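Only one chain comes next, encoded as structure tokens, the form deposited in one PDB entry.
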């Protein structure tokens, strides 16, 4: 009832790992004239996206094969950090808004049993009105013990905590203009991530600095958000004290930038 020829290619939005994503116009049906995105590929993205339904996650509309086509809503707001590029750095209020929306989306995903694992600033799209939209999938997952390493007993690298670190790295980038650990090189970079000490600029509020320290904690078990409260642990932090979560979820909070 639906096929590749039901859509008109308008342009490539990008070529992410795996397949391409085109802007398309739907040429038949009742939604004729309507603009979507269409991802093309030669736990899986379709399943996850079928499942999840959040104000702050890109919606799925159609899916079908040849090889695989996913029709998603088209996001006009573009990349969030292209906004950071221009501002150089966000202020705590502005950063707070986006981090909060992103926190709700992660929290939802986590409840749905899914972790991002590789949430980066490219993944943060904005919709026509400037609200967050979480977007790419594919790199995403899900006797005695007295002598067993902690990382095993908690499924390190494989639990919700990995995403709260990322939210942390991303807060850091928003507030300072750069990620927390970076080197001249890829190796020198991962090595700073693994072992290096966090350096916070002195001009951060105490609330922001405290949150950053709790999110960017190497001990995954003690990291804010790692507990069963998940996003709740994070949203309760004083940094987010001026957030009305019901209004935020209603997208009735005004985004600080309107594309």
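Residue numbers count along the first chain shown, from 1. Note that the rigid core is defined as the largest set of C-alphas that superpose within 1.5 Å between two forms.
Missing-residue comparison: residue 43 falls in the unmodelled set for a third or more of the other PDB entries checked. Coordinates are lacking for 10 or more deposited residues between residue 142 and residue 143. Where coordinates are absent for parts of the deposited sequence, a chain break appears; between neighbours residue 66 and residue 67 it spans 1 to 3 residues. Mean C-alpha B-factor is higher over 9-17 than over the other stretch, the pair under comparison being 239-247 and 9-17.
Look at the C-alpha B-factors of 25-33 and of 211-219. On average they run higher in 25-33. Across 193, 198, 40, 58, the entry's maximum B-factor at the CA atom is seen for 40. Comparing the listed residues 181, 97, 137, 147, the entry records the largest Cα B-factor for 137. In the PDB entry, a CA B factor belonging to the highest third of its chain's modelled residues is recorded for residue 189. Among the modelled residues of its chain, residue 163 has a C-alpha B-factor that falls in the lowest third, as given in the PDB entry.
In this PDB entry, the Cα temperature factor of residue 79 sits in the middle third of its chain's modelled residues. Per the deposited record, the Cα B-factor of residue 88 falls in the highest third when ranked against the other modelled residues of its chain. For residue 122, the recorded CA B-factor ranks within the middle third of the chain. Only modelled residues enter the ranking.
Here the subject shifts to the form deposited in another entry, a form of this protein not shown in this document.
Of the residues checked (188, 128, 155, 112), the rigid-core alignment between the shown form and the other one shows a Cα shift of at least 2 Å for 155 alone.
When the rigid core is held fixed, the Cα atom of residue 238 travels less than 2 angstroms between the shown form and the other one. The pair residue 154 and residue 233 separates in the other entry: their C-alpha atoms are at least 3 Å more distant from each other than in the form depicted. The gap between the Cα atoms of residue 157 and residue 177 is larger in the other entry, by no less than 3 Å, than in this form.
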